[PDB]
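Chains as they are written, first to last, in the authors' numbering: chain U, 52 to 254; chain O, 6 to 393; chain P, 148 to 440.
Every residue gets a Cβ at the ideal spot worked out from N, C-alpha and C, and that includes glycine.
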Amino acid sequence: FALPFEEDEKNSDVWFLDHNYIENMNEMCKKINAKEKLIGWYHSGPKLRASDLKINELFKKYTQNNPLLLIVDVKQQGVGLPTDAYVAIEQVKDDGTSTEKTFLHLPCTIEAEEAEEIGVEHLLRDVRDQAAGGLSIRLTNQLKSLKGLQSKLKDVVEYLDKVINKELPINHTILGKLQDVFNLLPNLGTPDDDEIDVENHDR
Amino acid sequence: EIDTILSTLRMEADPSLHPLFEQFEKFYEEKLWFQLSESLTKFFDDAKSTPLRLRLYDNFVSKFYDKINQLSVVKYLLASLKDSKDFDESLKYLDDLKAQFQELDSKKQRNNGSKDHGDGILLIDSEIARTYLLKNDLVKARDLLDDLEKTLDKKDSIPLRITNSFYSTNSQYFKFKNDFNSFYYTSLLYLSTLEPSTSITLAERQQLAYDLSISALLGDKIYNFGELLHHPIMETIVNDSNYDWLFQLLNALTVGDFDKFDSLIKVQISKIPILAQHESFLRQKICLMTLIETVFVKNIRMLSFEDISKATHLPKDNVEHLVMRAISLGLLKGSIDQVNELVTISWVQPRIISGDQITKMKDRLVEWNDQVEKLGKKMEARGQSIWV
Amino acid sequence: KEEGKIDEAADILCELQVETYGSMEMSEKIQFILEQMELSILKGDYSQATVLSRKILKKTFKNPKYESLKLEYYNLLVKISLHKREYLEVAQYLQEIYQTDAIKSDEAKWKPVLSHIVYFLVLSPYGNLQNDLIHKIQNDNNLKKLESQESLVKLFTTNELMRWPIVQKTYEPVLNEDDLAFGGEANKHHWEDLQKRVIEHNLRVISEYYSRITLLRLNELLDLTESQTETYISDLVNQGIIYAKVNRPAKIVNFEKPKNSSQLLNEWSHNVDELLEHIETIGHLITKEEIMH
């Protein structure tokens with residue numbers, strides 16, 4: 052359910068939140084259905100910020116789980132979902148800090164009821180193509196997968212150009228992770244390449 | 006009241022130290038208590054060595070038992086009992102206070118509004134452990150660490166002040182046991198969370214630095230030598246005399262030469278007996294470093310025993326032992342032949358990333374982008390009539 | 148019992164008390180089984196006394212009512228199993244004694260109990276249970292108060308070879324003088340069984356790190372003649388602990404796994420999936436630091 056929210060960005064310490072509204076609404080919803088608890092708050096995008104962490108503290112207050120921060124991107128980019136999930140995780144870590152609060156991504160997928168699924172299908176004149184059911188559908192998917200892979204690689208390629216030539220700092224921890232990508236690469240012209248050839252034949 | 010106490014502090018003291026007692030009294034009259042708290046701080050910063058320091062505490066704690074913030078108050082006592090030469094007295098004062106803080110919290114809650122009060126208690130238990138250790142009781146401190154650690158983890162966070170004292174006790178305990186490995190972890194954290202106070206003397210910080218350098222010479226999986234010299238703690242003390250040859254053992258290790266290392270160590274083994282008892286670990290350590298380094302800067306995945314033996318100055322008999330310890334420590338992975346006498350490397354340990362290596366990463370990603378984009382163009386032309 | 152009619156005496160005790168277990172207090176039943184069991188160690192039939200022990204149940208024997216009796220029950224079980232050299236089993240029993248309330252609370256009395264366990268636990272052969280129990284003993288604070296026991300646990304827990312004549316000499320005046328396991332006349336005949344665990348341990352380290360090694364070099368590391376070396380290899384492969392293949396002209400000893408196309412295709416699948424996962428994960432952090440800075 053919606054809250055009113057005003058953001059002033061002159062000072063990221065100036066914020067509007069209707070406190071009373073939240074408590075009132077929490078109690079009414081419980082009388083329809085008791086399985087509704089405060090599990091977080093959505094932010095409307097259209098990107099992540101460094102600023103979402105000031106706001107997150109306000110929602111830890113209410114909750115008995117770490118609040119889920121759903122960055123719903125509202126112009127809708129991607130051939131996938133434009134919905135990111137982040138839950139604030141607290142762990143001791145040294146990258147210039149002693150205790151870090153950071154947000155770890157979690158997968159977004161869907162699950163639906165009988166009623167809700169049929170209501171989606173009912174809107175849609177589509178036969179789906181995120182299904183990976185038939186031969187036809189899996190063909191479409193394989194090409195979408197290749198296009199997904201090229202676009203992310205640019206984002207990685209540009210990030211690295213910006214340290215070395217647009218001067219952001221050298222972040223050992225980030226690079227470190229990148230290094231292993233290269234270390235765990237396949238290498239052909241070895242018997243490994245040969246096992247593949249024999250495999251092709253069988254199928 | 007405070008008047009009789011104030012006279013008694015001035016008399017036994019020096020003329021230089023009369024105006025310090027006078028500043029406090031003034032804040033008290035006006036009742037500005039932000040300023041009173043700060044002015045106590047100037048006191049314990051650099052005159053915790055005066056014999057009156059402990060009594061001066063005793064009037065202020067009674068007044069501000071529940072009026073101002075608990076972290077503030079407690080802070081004075083701890084510094085006062087770091088300057089006592091008699092630790093039997095130190096243990097008694099803590100034991101009373103520990104007792105007061107358990108009563109206090111009943112009262113204190115209603116005054117603040119609603120607040121914690123386990124803050125003072127955590128610091129007191131650390132001081133009991135540190136008194137024990139300066140008196141050489143390893144065990145009494147030992148059960149105090151366990152119980153103290155769990156209470157850190159119970160909270161979502163501990164303050165930087167509180168956690169420095171906890172890490173203060175841990176450092177003290179470890180260097181007596183003579184575990185280099187354990188001492189190392191406590192010191193790197195101590196610098197991160199280090200108090201912004203000038204109340205922690207520079208003399209302690211220097212001493213702590215010397216011992217840190219020693220942990221990493223004798224260490225077992227520490228290949229962070231370059232990293233140690235970046236941080237302010239070592240960087241600035243390079244041109245001190247006793248910390249010259251000490252950092253030259255860091256730098257010899259880095260570049261992987263054996264002659265600079267040999268010429269240094271023969272002098273300091275004799276001079277300082279610390280390097281004598283851990284001699285067995287010290288010689289091996291170079292050998293291991295040479296191995297890793299030659300492997301990392303190159304891009305090939307195998308080396309014969311002949312290349313290795315010249316590099317490390319060991320015969321091919323000891324080289325197979327050298328390889329076994331490296332794989333075991335977690336520096337490298339691979340397999341060993343004695344029938345072709347190769348070491349086959351398959352894993353390298355990610356180390357410090359230099360500016361040059363970022364460029365290097367990037368070049369390969371551009372190679373792979375093009376390849377994907379090319380394939381995907383062909384895969385559109387193919388299958389054009391069969392898609393959803 | 149004092150007379151030469153000790154035999155006839157047991158046969159009467161064990162028969163009687165093994166059919167009489169009615170309405171009488173538990174504390175008394177526990178007592179009569181101990182007495183029965185005691186005679187049977189003298190009978191030379193350890194198997195009779197194993198069956199008896201399993202009459203008394205572990206559901207009714209974790210109470211303070213039975214505390215002094217629990218300790219003696221477990222001391223006897225160690226004697227039964229020591230005859231038959233099940234060392235891992237001896238170690239389990241002894242562990243319960245340590246975890247008993249009485250021994251744990253009295254500082255002095257816990258000292259010998261811990262020490263005995265270390266000993267027996269190392270004489271066990273290298274199984275799935277050996278690996279998890281020995282790393283339980285290594286972590287404990289008590290182990291760390293001691294240093295004599297610490298050195299032994301540390302040797303086997305690390306994945307480093309070590310030569311027989313050197314472990315022997317080193318711990319002969321420290322650990323081998325103490326009673327239980329080591330010490331006495333019959334117990335010195337378990338010092339021997341140690342020599343086999345140390346050479347087969349060496350072989351366990353060498354399978355993992357070496358893939359080809361010479362038969363010639365292998366002889367030197369275990370400190371055993373050609374004939375002996377091949378024997379303890381063969382014995383290990385019947386136990387299914389290692390994979391070893393020796394060429395008898397002294398060519399290669401192979402520790403490297405025999406491969407199939409299927410195993411290999413699985414390994415390579417892992418690596419690819421793993422790449423795709425890393426690219427995304429590094430990709431989350433790339434977003435944070437881009438907007439932020």
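Query	Result
Please name the residue, chosen from U:246, U:117, U:196, that lies closest to residue 384 of chain O on a Cα-to-Cα basis.	U:196
Using a cut-off of 8 angstroms between C-beta atoms, extract the partners of residue 282 of chain P located in chain U.	Ordered by position in chain U, no residue passes the 8 angstroms Cβ test against residue 282 of chain P, which lies about 25 angstroms from the chain.
Hey, residue 213 of chain O and residue 178 of chain O are a contact pair by Cβ (cut 8 angstroms); roughly how many whole angstroms apart?	With a Cβ gap of about 14 angstroms, residue 213 of chain O and residue 178 of chain O do not count as contacting.
Which value, in whole angstroms, describes the spacing of the CA atoms of residue 270 of chain P and residue 230 of chain P?	14 angstroms
Under the three-state reduction of DSSP, which class applies to residue 210 of chain O: helix, strand or coil?	helix
Considering only residues of the same chain and omitting the five flanking positions on each side of residue 171 of chain O, which have a CB-CB separation below 7 angstroms?	131, 153, 157
Quick check on residue 70 of chain O: does DSSP put it in helix, strand or coil?	coil
I want to verify the contact list: residues of chain O whose CB lies under 9 angstroms from the CB of residue 357 of chain P, in sequence order.	325, 329, 340, 341, 342, 343
Against chain U, does residue 302 of chain O count as a neighbour if the rule is that its beta carbon must be under 8 angstroms from one of theirs?	no
Quick one, are the C-beta atoms of residue 245 of chain U and residue 393 of chain O less than 8 angstroms apart?	no
Which partner residues of residue 338 of chain O appear in the DSSP bridge assignment?	O:352
Nearest to residue 161 of chain U by alpha carbon, out of U:143, U:133, U:184, U:155?	U:133
Please report how far the alpha carbon of residue 272 of chain O lies from the alpha carbon of residue 216 of chain O, in whole angstroms.	18 angstroms
Over what stretch of residues does the beta strand (DSSP E) that includes residue 171 of chain P continue unbroken?	Where residue 171 of chain P is concerned, there is no enclosing beta strand (DSSP E), given that its DSSP letter is neither H nor E.
Apart from the five residues on each side of it in sequence, which residues of its chain come closer than 6 angstroms, Cβ to Cβ, to residue 133 of chain O?	99
Name the two residues that bound the continuous alpha helix (DSSP H) containing residue 208 of chain U.	186-215
If I measure Cβ to Cβ from residue 62 of chain U and keep anything under 7 angstroms in the same chain, skipping five residues before and after, which residues do I get?	none
Specify, as a first and last residue, the run of the alpha helix (DSSP H) that residue 188 of chain O falls within.	185-197
Output, in chain order, the set of chain P residues within a Cβ distance shorter than 7 angstroms of residue 391 of chain O.	Within chain P, no residue comes near residue 391 of chain O; the closest Cβ sits about 26 angstroms away, beyond 7 angstroms.
Hey, is residue 348 of chain O's beta-carbon within less than 8 angstroms of any beta-carbon in chain U?	no
Select from O:61, O:121, O:175, O:192 the residue whose C-alpha is nearest the C-alpha of residue 164 of chain O.	O:121
Let's see if you can read the secondary structure: which residues bound the alpha helix (DSSP H) around residue 208 of chain P?	Looking at the DSSP string, residue 208 of chain P is not in any alpha helix (DSSP H), and its letter there is neither H nor E.
Any chance the stretch 338-349 of chain O sits against the stretch 299-315 of chain O, with 3 or more Cβ pairs inside 8 angstroms?	yes
Under the assumption that residue 76 of chain U contacts residue 52 of chain U (Cβ atoms under 8 angstroms), give the Cβ distance between them as a whole number of angstroms.	6 angstroms
Within 8 angstroms of any Cβ in chain A, is that where the Cβ of residue 249 of chain O sits?	The displayed structure is made up of protein chains U, O and P, and chain A is not among them.
Classify residue 124 of chain O as buried or exposed, calling it buried when 16 or more other Cβ atoms lie within 10 Å of its own Cβ.	buried
Relative to the C-alpha of residue 361 of chain P, which residue among P:233, P:272, P:399 is closest?	P:399
From residue 176 of chain P to residue 161 of chain P, what distance separates their C-alpha atoms?	13 angstroms
Of all the CB atoms in chain O, is at least one closer than 8 angstroms to the CB of residue 169 of chain U?	no
Quick check: the Cα distance between residue 181 of chain O and residue 152 of chain U, rounded to an integer number of angstroms?	35 angstroms
Using a C-beta cutoff of 8 angstroms, does residue 246 of chain U count as contacting chain P?	yes
For residue 306 of chain P, does the three-state DSSP call read helix, strand or coil?	coil
Compute the distance between the beta-carbons of residue 371 of chain O and residue 208 of chain U, then report whether it is under 8 angstroms.	yes
In chain order, which continuous runs of the alpha helix (DSSP H) of length 4 or greater are located wholly inside the stretch 73-122 of chain U?	103-111
Note down, in chain order, each residue of its chain lying with its Cβ closer than 8 angstroms to the Cβ of residue 206 of chain P, except the 5 sequence neighbours on either side.	none
List, in order along the chain, the chain O residues whose C-beta lies closer than 7 angstroms to that of residue 227 of chain U?	355, 358
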